[PDB]
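Trainee: If it helps, the file is called protein.cif and holds mmCIF, N, CA, C and O atoms:
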data_upload
loop_
_atom_site.group_PDB
_atom_site.id
_atom_site.type_symbol
_atom_site.label_atom_id
_atom_site.label_comp_id
_atom_site.auth_asym_id
_atom_site.auth_seq_id
_atom_site.Cartn_x
_atom_site.Cartn_y
_atom_site.Cartn_z
ATOM 1 N N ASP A 1 103.790 106.749 104.136
ATOM 2 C CA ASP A 1 102.338 106.721 103.827
ATOM 3 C C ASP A 1 102.135 107.509 102.533
ATOM 4 O O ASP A 1 102.202 108.742 102.586
ATOM 5 N N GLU A 2 101.857 106.811 101.431
ATOM 6 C CA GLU A 2 101.747 107.476 100.135
ATOM 7 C C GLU A 2 100.547 108.415 100.092
ATOM 8 O O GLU A 2 100.609 109.491 99.477
ATOM 9 N N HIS A 3 99.449 108.029 100.744
ATOM 10 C CA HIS A 3 98.265 108.880 100.767
ATOM 11 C C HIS A 3 98.540 110.185 101.498
ATOM 12 O O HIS A 3 98.056 111.245 101.088
ATOM 13 N N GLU A 4 99.315 110.130 102.584
ATOM 14 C CA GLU A 4 99.676 111.353 103.292
ATOM 15 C C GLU A 4 100.542 112.258 102.424
ATOM 16 O O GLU A 4 100.366 113.481 102.425
ATOM 17 N N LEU A 5 101.466 111.672 101.656
ATOM 18 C CA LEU A 5 102.306 112.465 100.765
ATOM 19 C C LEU A 5 101.465 113.157 99.698
ATOM 20 O O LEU A 5 101.638 114.355 99.432
ATOM 21 N N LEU A 6 100.546 112.413 99.076
ATOM 22 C CA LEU A 6 99.698 113.004 98.043
ATOM 23 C C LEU A 6 98.781 114.077 98.623
ATOM 24 O O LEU A 6 98.602 115.139 98.016
ATOM 25 N N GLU A 7 98.185 113.815 99.791
ATOM 26 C CA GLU A 7 97.322 114.807 100.425
ATOM 27 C C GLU A 7 98.101 116.068 100.783
ATOM 28 O O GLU A 7 97.597 117.185 100.621
ATOM 29 N N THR A 8 99.337 115.908 101.265
ATOM 30 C CA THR A 8 100.149 117.066 101.624
ATOM 31 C C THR A 8 100.520 117.880 100.390
ATOM 32 O O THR A 8 100.456 119.117 100.410
ATOM 33 N N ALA A 9 100.912 117.203 99.309
ATOM 34 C CA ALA A 9 101.219 117.911 98.071
ATOM 35 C C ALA A 9 100.001 118.659 97.547
ATOM 36 O O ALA A 9 100.110 119.814 97.119
ATOM 37 N N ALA A 10 98.831 118.012 97.570
ATOM 38 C CA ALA A 10 97.606 118.664 97.114
ATOM 39 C C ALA A 10 97.283 119.893 97.956
ATOM 40 O O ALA A 10 96.953 120.961 97.422
ATOM 41 N N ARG A 11 97.362 119.759 99.283
ATOM 42 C CA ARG A 11 97.079 120.891 100.158
ATOM 43 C C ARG A 11 98.059 122.030 99.918
ATOM 44 O O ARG A 11 97.668 123.203 99.908
ATOM 45 N N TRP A 12 99.343 121.709 99.740
ATOM 46 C CA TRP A 12 100.332 122.754 99.503
ATOM 47 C C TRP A 12 100.087 123.461 98.176
ATOM 48 O O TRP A 12 100.192 124.690 98.095
ATOM 49 N N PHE A 13 99.761 122.706 97.122
ATOM 50 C CA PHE A 13 99.436 123.326 95.840
ATOM 51 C C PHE A 13 98.232 124.251 95.979
ATOM 52 O O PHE A 13 98.228 125.373 95.456
ATOM 53 N N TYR A 14 97.192 123.783 96.673
ATOM 54 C CA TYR A 14 96.007 124.600 96.915
ATOM 55 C C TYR A 14 96.360 125.886 97.655
ATOM 56 O O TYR A 14 95.935 126.980 97.266
ATOM 57 N N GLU A 15 97.136 125.771 98.735
ATOM 58 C CA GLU A 15 97.476 126.936 99.545
ATOM 59 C C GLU A 15 98.340 127.928 98.770
ATOM 60 O O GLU A 15 98.173 129.146 98.913
ATOM 61 N N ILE A 16 99.273 127.431 97.954
ATOM 62 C CA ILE A 16 100.098 128.320 97.138
ATOM 63 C C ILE A 16 99.248 129.017 96.085
ATOM 64 O O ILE A 16 99.406 130.219 95.836
ATOM 65 N N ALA A 17 98.329 128.280 95.455
ATOM 66 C CA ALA A 17 97.473 128.869 94.431
ATOM 67 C C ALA A 17 96.621 129.994 95.001
ATOM 68 O O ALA A 17 96.388 131.007 94.331
ATOM 69 N N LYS A 18 96.163 129.814 96.239
ATOM 70 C CA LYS A 18 95.332 130.844 96.930
ATOM 71 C C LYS A 18 96.176 132.057 97.341
ATOM 72 O O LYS A 18 95.586 132.926 97.987
ATOM 73 N N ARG A 19 97.475 132.103 96.998
ATOM 74 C CA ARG A 19 98.359 133.228 97.300
ATOM 75 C C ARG A 19 98.566 133.371 98.800
ATOM 76 O O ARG A 19 99.556 132.883 99.350
#
Turn this file's structure into structure tokens for me.
Mentor:
Amino acid sequence: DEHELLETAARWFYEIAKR
């Protein structure tokens, strides 16, 4: 599911950015 992959990458980037 490409949308799930993109959503997961986005969420992970967000969570990492928030420290």
Trainee: Rounded to one decimal place, report the atom C of residue 14 of chain A-atom N of residue 2 of chain A distance in Å.
Mentor: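 Taking atom C of residue 14 of chain A as the start and atom N of residue 2 of chain A as the end point, the length is 20.2 Å.
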Trainee: Starting from 6 Å padding per side, set up an axis-aligned box that covers all listed atoms of segment 7-18 of chain A and hand over centre and edge lengths in Å, one decimal, as JSON.
Mentor:
{"center_x": 98.3, "center_y": 123.4, "center_z": 98.0, "size_x": 17.9, "size_y": 31.1, "size_z": 19.3}
Trainee: Just to confirm, what's the straight-line distance from atom C of residue 19 of chain A to atom N of residue 4 of chain A in Å (one decimal)?
Mentor: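 Going from atom C of residue 19 of chain A over to atom N of residue 4 of chain A, I get 23.6 Å.
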Trainee: Any chance you could list, as a list in words, the residues in chain A that come up alpha helix (DSSP H) when DSSP is run on the backbone?
Mentor: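 Result set for chain A (alpha helix (DSSP H)): residues 2, 3, 4, 5, 6, 7, 8, 9, 10, 11, 12, 13, 14, 15, 16 and 17 of chain A.
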Trainee: Between atom N of residue 1 of chain A and atom O of residue 16 of chain A, what is the distance in Å, rounded to a tenth?
Mentor: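 Atom-to-atom, atom N of residue 1 of chain A and atom O of residue 16 of chain A are spaced 25.3 Å apart.
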